[PDB]
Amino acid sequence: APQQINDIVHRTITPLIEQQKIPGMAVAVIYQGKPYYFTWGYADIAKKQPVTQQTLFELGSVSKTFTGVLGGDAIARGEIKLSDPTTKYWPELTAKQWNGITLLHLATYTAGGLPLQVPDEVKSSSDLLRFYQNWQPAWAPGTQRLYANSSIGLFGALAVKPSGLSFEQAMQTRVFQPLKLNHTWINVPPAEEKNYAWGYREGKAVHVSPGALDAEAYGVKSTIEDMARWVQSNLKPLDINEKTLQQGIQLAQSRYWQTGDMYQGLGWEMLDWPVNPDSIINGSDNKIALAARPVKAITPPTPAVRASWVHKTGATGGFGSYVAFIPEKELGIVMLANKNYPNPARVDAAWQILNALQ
């Protein structure tokens, strides 16, 4: 890599790893469209396995960007409409609070207070139906944003229903394979387990547990190389040959709602570039990112703005990830770690790197 990129990345990430006691980390910088890779530390402390460019990390909520794009692709295919009522794809959802709740509301956390987590008690499909039937909204649809796995998770499950494919099969054939993300998985195959990093929580090696709607809300594992390719694809969707996928990427970066200085896409979240770093850094703390906040509808949604800071944080019990990119500058970053360390530390490091390069 250019010594500029090397010095900028190392001077930022080295203190971050020491301050946060991160066992292993991989970083990709996309600069003028090309990726540059950096790795540190251990994928498996006990077996002394280093992080490499082939190490798989749990993406956590960064998975929601894949779900948003897969949904965008289903829209582009004409299989679903974001204006469709939820009940069009789940007719068994007969309880009256669902009147007026559309797929858009599910995709953007604005259905009226769906909870952050699906209860652990829920497992079978009938458990899930019962949960949603019994759920009582605190707010009318489209008035408040409350970040929720039970919201975008249901969107992902419903979005693939007309295709007849399972969510995993749809993701594989319509997103992963066209983009040549050949080391990106919802379920890690036995052949790839050698590369699956352990996560570390209170010093214990952990992997994400199965849960309802896990594939759709937090289920993807990927390498730093595939994630850099994911950033490149979202930076320049028009270079993608599959038409509905190119269109779906664009739909996921449209601005549907505004709260404060941030705009809600499908999975992706966006701010106008240049950004106030304190806005994205402090805004990434869970104190703000998970709070109930009033939203203004963007009527109609703004198409993908090239002069945006587009990003998503993600975590599981043992992992912490961040992706941010600026289409106007052909500039982006992926940070994958096998510890869940605080969101503001992620965004601060990413902004330092990208600001120095733009």
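Note that residue numbering follows the sequence shown and begins at 1. Here the rigid core means the biggest group of C-alpha atoms that line up within 1.5 Å when the two forms are laid on top of each other.
- Superposing the other copies on the rigid core and comparing 323 to 331 to 290 to 298, farther C-alpha placement in 9 other deposited structures of this protein marks 290 to 298.
- Where the other entries of this protein model the residues before and after it, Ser284 is dropped from at least a third of them.
- Taking the PDB entry as given, 10 to 18 carries the higher mean Cα B factor of the two stretches 10 to 18 and 332 to 340.
- Across the two stretches, 198 to 206 and 120 to 128, the PDB entry reports the greater mean Cα temperature factor for 120 to 128.
- For the set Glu92, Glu269, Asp226, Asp214, the PDB entry assigns the largest Cα B-factor to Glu92.
- Ranking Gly156, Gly219, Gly265, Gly112 by the C-alpha B-factor listed in the PDB entry places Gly219 at the top.
- When all modelled residues of the chain are sorted by CA temperature factor, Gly314 is found within the lowest third.
- Per the deposited record, the Cα B-factor of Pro301 falls in the middle third when ranked against the other modelled residues of its chain.
- The PDB entry assigns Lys180 a C-alpha temperature factor belonging to the highest third of its chain's modelled residues.
- In this PDB entry, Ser61 carries a Cα temperature factor that places it within the lowest third of its chain's modelled residues.
- Per the deposited record, the Cα B-factor of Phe167 falls in the middle third when ranked against the other modelled residues of its chain.
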